[PDB]
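*Asks:* Compute the structure for the input listed below.
(one chain, ligands or ions: 2)
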Amino acid sequence: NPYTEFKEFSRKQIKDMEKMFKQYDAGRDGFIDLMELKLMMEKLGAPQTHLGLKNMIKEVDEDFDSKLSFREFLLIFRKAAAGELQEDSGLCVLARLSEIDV
Ligand SMILES: [Ca+2]
Ligand SMILES: [Ca+2]
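*Replies:* Residues are numbered from 1 along each chain as shown. Ligands and ions are numbered 1, 2, ... in the order given. There you are, the coordinates:
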């Protein structure tokens, strides 16, 4: 339940993040993998290097399967709002360029 874990976000914000997550999960498997993340960053207008994509995932990949669950996607926005993302890092750019202002 993301609504009890991520209290810093409104329901509308979480739903918007859910909508974006689902947009880029091309295979409907419930995850964003590296290839899917590559495509998302391309379509946001800020393509990332292969290693940069890997490092983006690694920062929030709590179950070490090299792909992002919806919970881990939310962790990106939590980190952005906790002041923990490095200036102009891939994750910072993702959070900025999404329509979601946390
Ligand atoms: Ca997927
Ligand atoms: Ca994972």
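
*Asks:* ok now do residue 98, which residues does it touch?
*Replies:* With contacts defined as CB atoms under 8 Å, 6 or more residues apart in numbering, residue 98 is in contact with 17, 20, 44. Heads up, the C-betas are built off the backbone N, CA and C, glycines and all.

*Asks:* can you tell me which of those lies nearest to ligand 2?
*Replies:* Set against ligand 2, the nearest of the contacts of residue 98 by CB to the ion is residue 17 (15.9 Å).

*Asks:* unless I'm mixing things up, the closest one is touching residue 77, no?
*Replies:* Yes: look at residue 17 against residue 77 with CB atoms under 8 Å: they come within range, at 6.2 Å.

*Asks:* Tell me which of the two has more neighbours.
*Replies:* When residue 17 and residue 77 are compared for neighbours, residue 77 comes out ahead with 26 against 23, by other CB atoms under 10 Å.

*Asks:* Spell out which helix or strand contains that one, please.
*Replies:* helix 70-82 (DSSP states H and E).

*Asks:* what packs against that helix?
*Replies:* Taking 3 or more CB pairs under 8 Å, 6 or more residues apart in numbering; DSSP states H and E as contact, the helices and strands that helix 70-82 lies on are helix 2-5, helix 11-24, helix 50-60, helix 90-97.

*Asks:* Any residue of that helix touching ligand 1?
*Replies:* No: taking CB under 5 Å from the ion as the criterion, helix 70-82 and ligand 1 are apart, separated by no less than 10.9 Å.

*Asks:* so residue 13 sits right up against residue 99, yeah?
*Replies:* No: judged on CB under 8 Å, residue 13 makes no contact with residue 99 at a distance of 10.2 Å.

*Asks:* higher neighbour count, these two?
*Replies:* Looking at residue 13 and residue 99 with other CB under 10 Å, you find the greater number of neighbours at residue 13, namely 17 against 8.

*Asks:* do you know how far the most centrally placed residue in the chain is from ligand 1?
*Replies:* The residue lying closest to the centre of the chain (CA atoms, centre = their mean) is residue 73, at 3.8 Å. With distances taken as CB to the ion, to the nearest Å, residue 73 is found 11 Å from ligand 1.

*Asks:* nearest spatial neighbour of that residue, skipping sequence neighbours?
*Replies:* Closest residue to residue 73 apart from its sequence neighbours, by CB to CB, 6 or more residues apart in numbering: residue 21 at 5.0 Å.
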